[PDB]
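Working notes, beginning with the structure itself.
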Amino acid sequence: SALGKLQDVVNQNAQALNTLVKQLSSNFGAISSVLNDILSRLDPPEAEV
Amino acid sequence: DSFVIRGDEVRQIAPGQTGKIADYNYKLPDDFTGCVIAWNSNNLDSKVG
C-alpha cells in the first residue's frame, strides 16, 4: 500500500469508464437497450419514442 | 386532398398507420401537419346494384 495514492486515481478513472460502459446496457424505461432491436421490431413512430 | 374510402379504413388516414390504403394508396408523412376530415356518403356514393 505504498503507492496507494496513484492507484486510487487509476482505479477511480477505470471505474468511472466502466460505469459509463455499463450504462449502455440499461433501457431507461424503453423496451430494449439495443437500438437495432427497436429499429427492427417497431415502426419509426414508436421507435422514435 | 379529396377521395372516397371504406368506412372502417378512416383509421388508416393518419401518420404512422399501416394497411392497404396507407401503404398502397395514400401515405401520410410522420411529420404531417393539417387536418383529416371525413364523413359518411352512403346516400350519395352507393347504388342498389
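Ordering of the C-alpha cells sets the chain letters (A, B, ...); residue numbers start at 1 within each chain; ligands are numbered from 1 in the order shown.
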Sorted per-residue table, chain A near chain B, closest atoms and distance, 8 Å, only C-alpha atoms, as JSON lines:
{"residue": "A:43", "atom": "CA", "partner": "B:16", "partner_atom": "CA", "distance": 7.7}
{"residue": "A:44", "atom": "CA", "partner": "B:16", "partner_atom": "CA", "distance": 7.8}
{"residue": "A:45", "atom": "CA", "partner": "B:16", "partner_atom": "CA", "distance": 5.9}
Show which residues sit within 10 Å of residue 1 in chain B, as a VMD selection string. Count only C-alpha atoms, and ignore same-chain residues fewer than 2 positions away. chain B and resid 3 26 36
Only C-alpha atoms, please: the residues just picked out, written as an mmCIF file, in the first residue's frame.
data_model
loop_
_atom_site.group_PDB
_atom_site.id
_atom_site.type_symbol
_atom_site.label_atom_id
_atom_site.label_comp_id
_atom_site.auth_asym_id
_atom_site.auth_seq_id
_atom_site.Cartn_x
_atom_site.Cartn_y
_atom_site.Cartn_z
ATOM 1 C CA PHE B 3 -61.019 10.850 -52.149
ATOM 2 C CA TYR B 26 -52.345 7.252 -49.745
ATOM 3 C CA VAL B 36 -58.174 14.931 -41.752
#
Find the spatial neighbours of range 47-49 of chain A, counting only C-alpha atoms, within a cut-off of 12 Å - ignore same-chain residues fewer than 4 positions away - and output them as a list in words.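 Contacts, with the query itself left out: residues 28, 29, 30, 31, 32, 34, 35, 36, 37, 38, 39, 40, 41, 42 and 43 of chain A; 16, 30 and 31 of chain B.
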Deliver the residues from the most recent selection as a file, using C-alpha atoms, as a PDB file, in the first residue's frame.
ATOM      1  CA  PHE A  28     -34.022   3.634 -19.217  1.00  0.00           C
ATOM      2  CA  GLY A  29     -37.675   2.612 -19.443  1.00  0.00           C
ATOM      3  CA  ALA A  30     -37.600   1.624 -23.115  1.00  0.00           C
ATOM      4  CA  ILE A  31     -38.399  -1.872 -24.362  1.00  0.00           C
ATOM      5  CA  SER A  32     -34.731  -2.700 -25.054  1.00  0.00           C
ATOM      6  CA  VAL A  34     -30.296  -2.169 -28.235  1.00  0.00           C
ATOM      7  CA  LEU A  35     -31.092   0.345 -30.973  1.00  0.00           C
ATOM      8  CA  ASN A  36     -31.103  -2.365 -33.657  1.00  0.00           C
ATOM      9  CA  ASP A  37     -33.802  -4.350 -31.832  1.00  0.00           C
ATOM     10  CA  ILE A  38     -36.018  -1.259 -31.586  1.00  0.00           C
ATOM     11  CA  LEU A  39     -35.419  -0.305 -35.230  1.00  0.00           C
ATOM     12  CA  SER A  40     -36.152  -3.871 -36.396  1.00  0.00           C
ATOM     13  CA  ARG A  41     -39.134  -4.579 -34.116  1.00  0.00           C
ATOM     14  CA  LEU A  42     -41.042  -1.286 -34.362  1.00  0.00           C
ATOM     15  CA  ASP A  43     -42.199   1.235 -36.919  1.00  0.00           C
TER      16      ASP A  43
ATOM     17  CA  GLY B  16     -47.768   6.165 -38.970  1.00  0.00           C
ATOM     18  CA  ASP B  30     -44.799  11.126 -39.968  1.00  0.00           C
ATOM     19  CA  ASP B  31     -44.306  14.905 -39.672  1.00  0.00           C
TER      20      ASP B  31
END
Rounded to one decimal, what separation in Å do you get between CA of residue 4 in chain B and CA of residue 41 in chain B?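 Taking CA of residue 4 in chain B and CA of residue 41 in chain B, their separation equals 8.7 Å.
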Env of residue 42 in chain B: 12 Å cut, atoms = only C-alpha atoms, seq-sep filter 2 positions within chain, self excluded. Answer as a ChimeraX atom specification. /B:4-7,39-40,44-48
Residue set, chain B restricted to alpha helix (DSSP H), as an NGL selection string: :B and (20-24 or 42-45)
Atoms to include: N, CA and C atoms. Write the selected residues as a PDB file, in the first residue's frame.
ATOM      1  N   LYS B  20     -53.728  -1.402 -46.406  1.00  0.00           N
ATOM      2  CA  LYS B  20     -53.727  -1.318 -47.863  1.00  0.00           C
ATOM      3  C   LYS B  20     -53.816   0.128 -48.336  1.00  0.00           C
ATOM      4  N   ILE B  21     -54.557   0.961 -47.604  1.00  0.00           N
ATOM      5  CA  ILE B  21     -54.770   2.346 -48.006  1.00  0.00           C
ATOM      6  C   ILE B  21     -53.541   3.191 -47.710  1.00  0.00           C
ATOM      7  N   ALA B  22     -52.942   3.010 -46.533  1.00  0.00           N
ATOM      8  CA  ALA B  22     -51.779   3.810 -46.170  1.00  0.00           C
ATOM      9  C   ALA B  22     -50.572   3.428 -47.017  1.00  0.00           C
ATOM     10  N   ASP B  23     -50.311   2.129 -47.153  1.00  0.00           N
ATOM     11  CA  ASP B  23     -49.095   1.688 -47.824  1.00  0.00           C
ATOM     12  C   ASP B  23     -49.221   1.722 -49.343  1.00  0.00           C
ATOM     13  N   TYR B  24     -50.393   1.387 -49.894  1.00  0.00           N
ATOM     14  CA  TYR B  24     -50.519   1.263 -51.340  1.00  0.00           C
ATOM     15  C   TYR B  24     -51.293   2.384 -52.013  1.00  0.00           C
ATOM     16  N   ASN B  42     -73.067   7.584 -47.785  1.00  0.00           N
ATOM     17  CA  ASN B  42     -73.768   6.392 -48.249  1.00  0.00           C
ATOM     18  C   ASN B  42     -74.949   6.747 -49.141  1.00  0.00           C
ATOM     19  N   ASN B  43     -75.596   7.883 -48.897  1.00  0.00           N
ATOM     20  CA  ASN B  43     -76.726   8.273 -49.729  1.00  0.00           C
ATOM     21  C   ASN B  43     -76.303   8.836 -51.079  1.00  0.00           C
ATOM     22  N   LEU B  44     -75.029   9.186 -51.243  1.00  0.00           N
ATOM     23  CA  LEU B  44     -74.517   9.755 -52.483  1.00  0.00           C
ATOM     24  C   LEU B  44     -73.719   8.767 -53.322  1.00  0.00           C
ATOM     25  N   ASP B  45     -72.912   7.915 -52.690  1.00  0.00           N
ATOM     26  CA  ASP B  45     -71.936   7.097 -53.398  1.00  0.00           C
ATOM     27  C   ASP B  45     -72.258   5.606 -53.367  1.00  0.00           C
TER      28      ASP B  45
END
Any idea what the distance is between CA of residue 3 in chain A and CA of residue 21 in chain A? 27.2 Å
